[PDB]
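Worksheet: one structure, shown below.
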Amino acid sequence: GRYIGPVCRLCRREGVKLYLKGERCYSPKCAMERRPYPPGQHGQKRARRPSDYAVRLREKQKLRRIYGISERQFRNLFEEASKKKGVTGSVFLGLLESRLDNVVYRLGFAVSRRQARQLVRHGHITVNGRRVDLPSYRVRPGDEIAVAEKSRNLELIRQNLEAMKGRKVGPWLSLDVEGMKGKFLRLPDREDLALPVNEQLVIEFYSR
Amino acid sequence: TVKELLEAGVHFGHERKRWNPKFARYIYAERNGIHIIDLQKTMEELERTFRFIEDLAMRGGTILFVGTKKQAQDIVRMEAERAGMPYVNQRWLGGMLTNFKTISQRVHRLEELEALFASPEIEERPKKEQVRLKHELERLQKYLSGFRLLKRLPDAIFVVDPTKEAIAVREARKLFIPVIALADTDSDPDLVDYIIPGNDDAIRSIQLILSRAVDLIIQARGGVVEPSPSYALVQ
Amino acid sequence: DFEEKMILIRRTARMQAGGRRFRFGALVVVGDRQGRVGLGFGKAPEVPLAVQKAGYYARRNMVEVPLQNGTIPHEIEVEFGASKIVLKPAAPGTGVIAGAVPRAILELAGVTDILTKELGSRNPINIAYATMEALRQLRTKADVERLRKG
Amino acid sequence: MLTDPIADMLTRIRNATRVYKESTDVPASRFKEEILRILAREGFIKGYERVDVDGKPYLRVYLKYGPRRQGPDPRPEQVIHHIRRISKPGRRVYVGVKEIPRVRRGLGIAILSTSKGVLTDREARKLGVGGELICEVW
RNA sequence: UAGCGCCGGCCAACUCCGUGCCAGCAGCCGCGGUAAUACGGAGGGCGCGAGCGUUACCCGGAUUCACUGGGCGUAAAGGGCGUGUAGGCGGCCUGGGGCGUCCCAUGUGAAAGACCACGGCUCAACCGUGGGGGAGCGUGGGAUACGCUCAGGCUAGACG
RNA sequence: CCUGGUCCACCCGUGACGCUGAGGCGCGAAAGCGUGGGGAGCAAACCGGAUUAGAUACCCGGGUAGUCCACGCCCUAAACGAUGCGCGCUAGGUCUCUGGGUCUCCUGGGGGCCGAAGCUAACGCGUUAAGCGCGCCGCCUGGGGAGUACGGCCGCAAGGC
Ligand SMILES: [K+]
Ligand SMILES: [K+]
Ligand SMILES: [K+]
Ligand SMILES: [K+]
Ligand SMILES: [K+]
Ligand SMILES: [K+]
Ligand SMILES: [K+]
Ligand SMILES: [Mg+2]
Ligand SMILES: [Mg+2]
Ligand SMILES: [Mg+2]
Ligand SMILES: [Mg+2]
Ligand SMILES: [Mg+2]
Ligand SMILES: [Mg+2]
Ligand SMILES: [Mg+2]
Ligand SMILES: [Mg+2]
Ligand SMILES: [Mg+2]
Ligand SMILES: [Mg+2]
Ligand SMILES: [Mg+2]
Ligand SMILES: [Mg+2]
Ligand SMILES: [Mg+2]
Ligand SMILES: [Mg+2]
Ligand SMILES: [Mg+2]
Ligand SMILES: [Mg+2]
Ligand SMILES: [Mg+2]
Ligand SMILES: [Mg+2]
Ligand SMILES: [Mg+2]
Ligand SMILES: [Mg+2]
Ligand SMILES: [Mg+2]
Ligand SMILES: [Mg+2]
Ligand SMILES: [Mg+2]
Ligand SMILES: [Mg+2]
Ligand SMILES: [Mg+2]
Ligand SMILES: [Mg+2]
Ligand SMILES: [Mg+2]
Ligand SMILES: [Mg+2]
Ligand SMILES: [Mg+2]
Ligand SMILES: [Mg+2]
Ligand SMILES: [Mg+2]
Ligand SMILES: [Mg+2]
Ligand SMILES: [Mg+2]
Ligand SMILES: [Mg+2]
Ligand SMILES: [Mg+2]
Ligand SMILES: [Mg+2]
Ligand SMILES: [Mg+2]
Ligand SMILES: [Mg+2]
Ligand SMILES: [Mg+2]
Ligand SMILES: [Mg+2]
Ligand SMILES: [Mg+2]
Ligand SMILES: [Mg+2]
Ligand SMILES: [Mg+2]
Ligand SMILES: [Mg+2]
Ligand SMILES: [Mg+2]
Ligand SMILES: [Mg+2]
Ligand SMILES: [Mg+2]
Ligand SMILES: [Mg+2]
Ligand SMILES: [Mg+2]
Ligand SMILES: [Mg+2]
Ligand SMILES: [Mg+2]
Ligand SMILES: [Mg+2]
Ligand SMILES: [Mg+2]
Ligand SMILES: [Mg+2]
Ligand SMILES: [Mg+2]
Ligand SMILES: [Mg+2]
Ligand SMILES: [Mg+2]
Ligand SMILES: [Mg+2]
Ligand SMILES: [Mg+2]
Ligand SMILES: [Mg+2]
Ligand SMILES: [Mg+2]
Ligand SMILES: [Mg+2]
Ligand SMILES: [Mg+2]
Ligand SMILES: [Mg+2]
Ligand SMILES: [Mg+2]
Ligand SMILES: [Mg+2]
Ligand SMILES: [Mg+2]
Ligand SMILES: [Mg+2]
Ligand SMILES: [Zn+2]
């Protein structure tokens, strides 16, 4: 499924500017820089006070649509996190950030997470030398995420990594631009993520 | 402060009935079907009570005196008309403390009408108002006689009969105001924070206790005053 | 400085010759999320006045909560009327698990992880009062050893 | 007669403290006295002492209360907020050492009768024995 | 290849037209008799997605068979009353036994499954290896506060 | 005349002999049934008079079973405190019945009212608990269908459980 369709309509509906196209969510064309109201005929109408279920559902949908993960995998990851020992929310975030497509996005190989998903699915990304084409692949601390030597001549990779010159990466990631590779140093802490999501709201949403 | 043996007429409590079991600790015995207060525990509690009074008085605190028993009205109306502690004489109005702002508005109207009877505006707006406002000021002075002195909530209250003035006691409890009271056998001692186990019906008991109390108050602020002119109220 | 959230708003009716006449009641919790909470029930002919009055009443009725690392020091069980509230401390990373009313009250108190259960009457007013009395009946180890000095 | 003397003592203490009595007399027995020892050791009471009523021996339990509180209801806080018999006649309660309950997550006590005497939850747990769960107090 | 359900409240999602207690909807409350966010269609929205709904059944919520964890004056519920059989329950003190109770040691608790860790299919589902478990019951030894039993004693219950 | 229960005082005797109680057994207002007797007043049914739109009612005049007695059945009820029994604990005031005592009063048993703490959804309960506890028995699990059907037991029958 992947929800495939319009994306900046989610930038609008969630009320917070999402980055689903990569660029053009930074340019004054996101339709969130110019139309902050939700979509539809009744978008500009006066909003009613949302229910608690409304708030929690909206927050969970925000966090889920940020990564482009389906409801099945999302709920599975959440239950897996709740099984583990430790804070459920931070562990859930560390799991979501450990996905191979999300790591490719975070490493600047792709401008958006969906472009990263296509880069992974088409076998343009390697993990520790071996080719991996699964976005749901979980990256462990220490894994080297590289670009396939046969794909290092593609125009899109050249562009993205030519733009990554001078850009910094997340505190839990290392990047080598000449070799077109990187390393997942550790799991990201809650303070390392600047996501506009309250994890406790999602925990309470699934607590029902 | 020298009332050791002079306690003549204070030990007489109420009858066998109309008492409160919680008062049994302050009772000596029962002579001829009348509870008699324990003389020792009287001064025992008087030490602590008068000590609290001295502490609160030398700090500049205000104490509200509440008397309505018709046997202590004429006494409170002057023992508080001494050192400027306010008083309530005719009847205790519901809300004088918890609704203190509205009663203070009534006091504002009182001083407003006092100002109108001081200005030449008495003659304008003819005799109809000159009688209405006259009776209004009359009753405002009748009820808010001593209460007009309270600019803010008091720092303590003094009650002559906590059973007759139970509403004032409750209102003081609600606002965490210390409650000093001259309790008798017909009252609950737990509600009183500083108890004075004496008689509330006789005039000599009230006169003695309140005279010595106001004397201790003025002594805590220096300038010992002459004996209070409340003896002539024996009649 | 003080967060204010309404629990429920209801419209009551009294009968008068001619028809029914409406009066609005509202519950309001106020908390600093530091350990102080407050519950208030306001009534007024209109809704906003009722909410404001409930806020005033709630600020006038405060409760100091002895939090111990975002949770409660010991499990409690309070009957208010026919309503029963059951509270139980939880390890961090649990979250507040409660009905709407106790969740709001505890969240404004600064609680982060706790387990609750409403029993008997589910009445929001009585459940709120039971939660308040539960928070009021909480004792710290310091308070316990203070009561047993002798 | 009394069907449960121990529960009778516990209820005497409850009813006494609920009206802020000075002391209460309970019909004397070695088991009751051994329980009262734990009580006084844990600070729920000022102590106990053997006394004699008109012909028979009793135990005066001297009760304990907190400071007088402010505002309405100045009655002091109860030192024994809750005291409940568990192993009653007709349903006796025995627990192993790994089954001893932690009362109020620590702030309370549970009185056990074990083969090594009448102990508390922490006392028995440190001794490593279980027994009859007499009553919970906090 | 993109579909299916929903948009009155519970419950996330609103307007237009048609219909006029008709045709119909509905899990519960309920909606329709002229201007329906509830019927039917449209546009729009919400939710999931190679699925989405429906029906059936089980547990859940349900503290609604209440051991944990409920009740019986007026809400369903004290028997019309007594005498008393079995049964349940049993004041104070000492001692014997150790049946209940408790403790230690030991045996048993197949594998699979469940939990944890690592590993093998590019991940996962799936699978492998290792680890940890556990009540109960058997046996040996020990404890005796309580309950039990036997022997003795006491008078506060009871009877005279 | 025969006979049951109960309370108090003395502190005399026995020495836990106690509490409750599924079954069982017995008692059980009124009405009702059987046999015999009785039968004043009352009075279902019924006979009339009124009233009424009608009046198989209320109102009025009569009147049988019955009401009464002996013996035997019947087992029901708003059989009510709509509150099972027992014991212990937890402020008092007032009225009363009945004892004892230093007889203003104290103490014990019982019948009422008001009320501390507490309880209750509230009304209310509150040492005669609906409070705090313990033991044992009975019973409840949405309303109608229905205290009906079937089965069993009991009963002469009505019918009851
Ligand atoms: K190629
Ligand atoms: K309660
Ligand atoms: K039609
Ligand atoms: K429609
Ligand atoms: K009945
Ligand atoms: K005949
Ligand atoms: K007499
Ligand atoms: Mg977790
Ligand atoms: Mg977990
Ligand atoms: Mg506190
Ligand atoms: Mg209740
Ligand atoms: Mg319910
Ligand atoms: Mg065992
Ligand atoms: Mg809605
Ligand atoms: Mg439909
Ligand atoms: Mg269904
Ligand atoms: Mg039309
Ligand atoms: Mg229309
Ligand atoms: Mg519509
Ligand atoms: Mg559509
Ligand atoms: Mg399906
Ligand atoms: Mg179900
Ligand atoms: Mg259940
Ligand atoms: Mg449950
Ligand atoms: Mg059911
Ligand atoms: Mg139960
Ligand atoms: Mg129930
Ligand atoms: Mg009965
Ligand atoms: Mg037997
Ligand atoms: Mg027997
Ligand atoms: Mg025994
Ligand atoms: Mg036995
Ligand atoms: Mg022995
Ligand atoms: Mg053994
Ligand atoms: Mg196994
Ligand atoms: Mg399981
Ligand atoms: Mg692997
Ligand atoms: Mg084992
Ligand atoms: Mg053995
Ligand atoms: Mg031995
Ligand atoms: Mg014997
Ligand atoms: Mg006798
Ligand atoms: Mg004798
Ligand atoms: Mg003898
Ligand atoms: Mg009996
Ligand atoms: Mg029977
Ligand atoms: Mg009969
Ligand atoms: Mg008869
Ligand atoms: Mg006959
Ligand atoms: Mg005959
Ligand atoms: Mg006649
Ligand atoms: Mg007639
Ligand atoms: Mg006729
Ligand atoms: Mg007619
Ligand atoms: Mg005619
Ligand atoms: Mg005749
Ligand atoms: Mg006949
Ligand atoms: Mg009756
Ligand atoms: Mg009855
Ligand atoms: Mg009933
Ligand atoms: Mg009774
Ligand atoms: Mg009596
Ligand atoms: Mg009463
Ligand atoms: Mg009360
Ligand atoms: Mg009332
Ligand atoms: Mg009772
Ligand atoms: Mg039925
Ligand atoms: Mg049914
Ligand atoms: Mg029926
Ligand atoms: Mg019948
Ligand atoms: Mg029948
Ligand atoms: Mg039949
Ligand atoms: Mg037959
Ligand atoms: Mg018939
Ligand atoms: Mg018939
Ligand atoms: Zn965008």
So how compact is segment C:4-150: Cα radius of gyration and Dmax in angstrom? 17.0, 66
Quick check: the angle from helix B:100-116's long axis to the longest principal axis of chain B, C-alpha only, nearest 10 degrees? 50 degrees
Among all the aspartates and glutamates, which ones have a C-alpha under 17 Å from residue A:181's C-alpha, if same-chain residues fewer than 8 places away are not counted? A:101, A:133, A:143, A:144, A:149, A:155, A:162
Under the 7 Å Cα-to-Cβ spin-label approximation, residue B:166 and residue A:35 lie apart by a distance in nanometres of 7.2 nm
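Add -39500 (n - 2.57) for each DSSP H run of 4 or more in the protein assembly as shown, then divide by its residues: what number comes out at 222 nm, to the nearest 500 deg cm²/dmol? Can you show the working numbers first?
Values: 21 runs with 245 residues, N = 731.
The helix contribution divided over the protein assembly as shown gives -10500 deg cm²/dmol.
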Rounding to the nearest 10 and keeping the result within 0 to 90°, find how far the Cα-based axis of helix B:203-220 lies from the longest principal axis of chain B. 70 degrees
Rounded to whole Å, give me the distance from the Cα center of segment A:84-127 to that of segment A:1-76. 20 Å
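Would you work out the relative contact order for segment A:97-193, in percent, from Cα pairs under 8 angstrom that are 6 or more residues apart? Spell out each step's value before the answer.
On the way: 158 pairs, mean separation 27.6, N = 97.
With pairs under 8 Å counted, the relative contact order is 28 percent.
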For chain A, using Cα atoms only, the Rg and Dmax in Å read 17.8, 55
When B:158, B:147, D:31 are ordered from fewest to most other Cβ atoms inside 10 Å of their Cβ, what list results? D:31, B:147, B:158
Determine the gain in length on full extension of the stretch residue B:114-residue B:20; use 0.36 nm per residue of separation and subtract their C-alpha separation, reporting nm with one decimal. 29.3 nm
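Taking Cα pairs under 8 Å and at least six residues apart, what relative contact order does chain A come out at, in percent? Write down the numbers at each step before the final one.
On the way: 275 pairs, mean separation 39.6, N = 208.
The value is 19 percent.
Taking only the Cα atoms of segment C:3-63, how large is their convex hull per residue, in Å³? Let's see the in-between values first.
On the way: hull volume 3.8 nm³, N = 61.
Considering the Cα atoms of segment C:3-63, their hull volume per residue is 62 Å³.
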Among the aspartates and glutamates, which fall within straight-line cross-link reach of residue D:56, defined as a Cα-Cα distance under 20 Å, with same-chain neighbours fewer than 8 residues apart omitted? D:4, D:8, D:25, D:33, D:34
Provide Rg over Rh for the protein assembly as shown; use the alpha carbon set for both Rg and the Kirkwood Rh (inverse mean inverse pair distance). 1.12
Which percent of Cα-Cα pairs in segment C:64-148 sits in each 5 Å bin, short to long? 3, 17, 27, 25, 15, 9, 3, 0
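Counting pairwise Cα distances across chain B, what percent come out greater than 22 angstrom? The partial results should precede the final answer.
Working: 15128 of 27495 pairs.
In whole percent, the long-distance tail amounts to 55.
Ratio of Rg to Rh for segment B:93-148, alpha carbon only, Kirkwood? The partial results should precede the final answer.
Numbers: Rg = 12.5 Å, Rh = 12.0 Å.
Result: Rg/Rh = 1.04.
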Toy charge model, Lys and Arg Cβ at +1, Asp and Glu Cβ at -1: chain A dipole around Cα centroid in debye, rounded to 20, equals 920 debye
Starting from the Cα of residue B:51, step 7 Å toward the Cβ, then list every residue of segment B:191-225 with an amide N under 14 Å from that point. B:194-195
Please build a GNM for chain B, connecting alpha carbons under 10 Å apart, and tell me which residue among B:123, B:79, B:111 fluctuates the most. B:123
Can you tell me the orientation of helix B:127-143 relative to chain B, as the angle in degrees between its alpha-carbon axis and the longest Cα principal axis, to the nearest 10? 20 degrees
Residue A:21's amide H: which non-local residues (gap 5+, or another chain) put their own amide H closer than 5 Å, with H modeled 1.01 Å from N in plane and none for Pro or chain starts? none
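Kindly identify segment D:1-130 as rounded, prolate or oblate by the Cα gyration tensor criterion: order the square roots of the eigenvalues as a ≥ b ≥ c, call it rounded if a/c is under 1.5, otherwise compare a/b with b/c, prolate if a/b is larger, else oblate. Can you show the working numbers first?
On the way: a/c = 1.92, a/b = 1.23, b/c = 1.56.
Judged from the Cα gyration tensor, segment D:1-130 comes out oblate (a/c at least 1.5, b/c at or above a/b).
Which pairs in the list A:21/A:60; C:141/D:116; D:98/D:126; C:84/C:141; B:101/C:5 are over 18 Å apart, alpha-carbon to alpha-carbon?
A:21/A:60; C:141/D:116; C:84/C:141; B:101/C:5
Because the Cβ atoms are built from the backbone with ideal geometry, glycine has one as well, and the counts that use them run over all protein chains shown. Taken together, the values in this text are just the output of simple stated rules run on the coordinates, not laboratory data.
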